[PDB]
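File shown here: my_file.csv, holding CSV, C-alpha atoms.
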```csv
chain,number,residue,atom,x,y,z
N,1,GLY,CA,-17.7,1.0,-7.5
N,2,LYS,CA,-17.3,-2.3,-9.3
N,3,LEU,CA,-15.0,-5.0,-7.8
N,4,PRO,CA,-14.3,-5.2,-4.1
N,5,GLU,CA,-10.7,-6.3,-3.6
N,6,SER,CA,-11.2,-6.0,0.2
N,7,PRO,CA,-7.7,-5.2,1.6
N,8,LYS,CA,-6.6,-6.4,5.0
N,9,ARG,CA,-5.6,-3.3,6.9
N,10,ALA,CA,-2.2,-4.5,8.4
N,11,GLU,CA,-1.0,-7.5,6.5
N,12,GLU,CA,-2.4,-5.9,3.3
N,13,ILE,CA,-1.0,-2.3,3.2
N,14,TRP,CA,2.3,-3.5,4.4
N,15,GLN,CA,2.8,-6.9,2.8
N,16,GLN,CA,2.0,-5.7,-0.7
N,17,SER,CA,4.1,-2.6,0.3
N,18,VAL,CA,7.2,-4.6,1.3
N,19,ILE,CA,6.8,-8.1,0.0
N,20,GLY,CA,7.5,-6.6,-3.4
N,21,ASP,CA,11.1,-5.7,-2.4
N,22,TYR,CA,11.4,-8.7,-0.2
N,23,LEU,CA,10.3,-11.1,-2.9
N,24,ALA,CA,12.6,-9.3,-5.3
N,25,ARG,CA,15.9,-9.7,-3.3
N,26,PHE,CA,15.8,-13.4,-3.9
N,27,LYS,CA,13.4,-13.5,-6.9
N,28,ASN,CA,10.9,-15.6,-4.9
N,29,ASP,CA,12.1,-14.9,-1.3
N,30,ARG,CA,8.5,-15.2,-0.3
N,31,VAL,CA,9.4,-17.9,2.2
N,32,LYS,CA,11.9,-15.6,3.9
N,33,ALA,CA,10.3,-12.4,2.4
N,34,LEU,CA,6.8,-12.8,3.9
N,35,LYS,CA,8.6,-13.6,7.2
N,36,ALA,CA,11.0,-10.7,7.4
N,37,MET,CA,7.8,-8.7,7.1
N,38,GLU,CA,5.9,-10.8,9.7
N,39,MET,CA,8.6,-10.8,12.4
N,40,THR,CA,9.6,-7.2,11.9
N,41,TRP,CA,5.9,-6.5,12.1
N,42,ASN,CA,5.5,-7.9,15.7
N,43,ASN,CA,9.0,-6.8,16.5
N,44,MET,CA,7.5,-3.2,16.3
N,45,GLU,CA,4.5,-4.0,18.5
N,46,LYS,CA,1.3,-1.9,18.2
N,47,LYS,CA,3.4,0.7,16.4
N,48,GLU,CA,3.6,-1.1,13.1
N,49,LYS,CA,0.9,-3.8,13.3
N,50,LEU,CA,-1.9,-1.6,14.5
N,51,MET,CA,-1.0,1.5,12.4
N,52,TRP,CA,-0.6,-0.8,9.4
N,53,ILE,CA,-4.3,-1.6,9.9
N,54,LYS,CA,-5.5,1.9,9.2
N,55,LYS,CA,-3.2,2.2,6.2
N,56,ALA,CA,-5.0,-0.6,4.4
N,57,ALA,CA,-8.1,0.0,6.5
N,58,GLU,CA,-8.1,3.5,5.2
N,59,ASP,CA,-7.5,2.0,1.8
N,60,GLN,CA,-10.2,-0.6,2.5
N,61,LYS,CA,-12.6,2.3,2.2
N,62,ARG,CA,-11.8,2.3,-1.5
N,63,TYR,CA,-12.9,-1.4,-1.8
N,64,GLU,CA,-16.1,-0.8,0.1
N,65,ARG,CA,-17.2,1.5,-2.7
N,66,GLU,CA,-16.8,-1.6,-4.9
N,67,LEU,CA,-19.5,-4.0,-3.6
N,68,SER,CA,-21.3,-0.8,-2.5
N,69,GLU,CA,-22.4,-0.6,-6.1
N,70,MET,CA,-24.8,-3.4,-5.5
N,71,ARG,CA,-25.6,-2.2,-1.9
N,72,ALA,CA,-27.1,1.0,-3.2
N,73,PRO,CA,-30.8,0.4,-3.8
N,74,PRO,CA,-31.5,4.1,-3.2
N,75,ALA,CA,-28.4,5.1,-5.1
N,76,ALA,CA,-29.2,3.8,-8.6
N,77,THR,CA,-32.7,5.1,-9.3
N,78,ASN,CA,-33.7,7.6,-6.7
N,79,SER,CA,-30.4,9.4,-6.3
N,80,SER,CA,-29.4,9.0,-9.9
N,81,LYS,CA,-32.9,9.9,-11.2
N,82,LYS,CA,-33.0,8.7,-14.7
N,83,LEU,CA,-34.3,12.0,-16.1
N,84,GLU,CA,-32.8,15.0,-17.8
```
Starting from the file, give its structure as structure tokens.
Amino acid sequence: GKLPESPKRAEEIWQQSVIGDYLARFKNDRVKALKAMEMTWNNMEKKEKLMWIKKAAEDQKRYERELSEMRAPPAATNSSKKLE
């Protein structure tokens, strides 16, 4: 990959997903923005929280490929085979 951003499953997919509109409403609502997201997150129980995990956890797979670049000893000489 290149650069591992490393999501956060729940707080990641969702926060970045909502915080944008929450921070927008008051142009820096973060204080109340990040909260509206936090409370509403637990207010939904396993429904939101958990499932939010996989959203960014499923996305976290995209980040894994980042560091992965360095964690591929047999993927940069043997699998790539520098030969035509």
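The space separating CA of residue 61 (chain N) from CA of residue 7 (chain N) comes to 9.0 Å.
Picture a line from CA of residue 58 (chain N) to CA of residue 9 (chain N); it runs 7.4 Å.
Of the listed residues N:80, N:42, N:60, N:68, the one whose atoms come nearest to residue 5 (chain N) is N:60, with distances taken using only C-alpha atoms.
In this model, the gap between CA of residue 69 (chain N) and CA of residue 10 (chain N) comes to 25.2 Å.
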Residue list as a PyMOL selection string for point (-12.5, -0.7, 1.4), cut-off 12 Å, all atoms listed in the file: chain N and resi 1-9+12-13+53-68
